[PDB]
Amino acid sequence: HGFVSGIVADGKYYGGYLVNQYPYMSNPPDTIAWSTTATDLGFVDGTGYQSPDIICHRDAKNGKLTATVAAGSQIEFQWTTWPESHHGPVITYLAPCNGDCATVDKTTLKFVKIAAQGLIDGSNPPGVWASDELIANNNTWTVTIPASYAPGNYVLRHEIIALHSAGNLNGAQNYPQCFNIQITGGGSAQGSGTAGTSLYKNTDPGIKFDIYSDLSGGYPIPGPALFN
């Protein structure tokens, strides 16, 4: 349970979507972040993986602003305090808007996985995960925008998947947060993306997963192939 309160992109701070304030307003401030109705600081579980809610979280609507970021530079996501119990991977995606992200139809986005970390040390279950590294780093996560990525407008989809109840079907808890970015000073590369409602299934090996038993088999990070 948590959300992203802001990001630092190319050394500049951008306020996020303040989900405990902005839904409770007629005319909330413009942000690079997408709006959601996830006011419980909750999640999308396997019941919603083929619902448009999985794309940018519950009932999400376009952010009206866009942040610039140099290809090869870093984005830092600032989360509200993440529970240690909520062990799981941290995954980051880019989907091209092919024009202004403020007016892209979210159902048309095709996401490329540009970063992902999963199980760090499973020797003593439930083990140490990306989420735990996030906690250790002042509840922040940093990703590099590939220097080779083509300049353009993209939806940046950053997600924690908490696996503390993932042994049950539809038990994993997805926490996506979306942001509009413009990659500058890029190369020519772009991945082949996967629709938001095709990213995950409730029987995927990294989704229906028991963190509390022997982890000698590791952890297969879910979602489509990492861009190289």
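So that there is no doubt, residue numbering starts at 1 and follows the sequence shown.
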Item to check | Higher-B stretch (mean Cα B-factor, as the entry records it), 124 to 132 or 153 to 161 | outcome: 124 to 132
Checklist entry - If you average the Cα B factors in the entry, which is higher, 175 to 183 or 188 to 196? => result 188 to 196
Next on the checklist: Test of reading the entry: by CA B factor among the chain's modelled residues, which third contains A9?
Outcome noted: highest
Checklist outcome for this item: Split the chain's modelled residues into thirds by Cα B-factor; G2 lands in the highest
Checklist outcome for this item: Of the three thirds of the chain ranked by Cα temperature factor, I211 occupies the lowest
Checklist outcome for this item: Quick tally, chain-level thirds of C-alpha B-factors: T47 sits in the highest
Checklist entry - Mind checking which third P220 falls in for C-alpha B-factor across the chain? => result middle
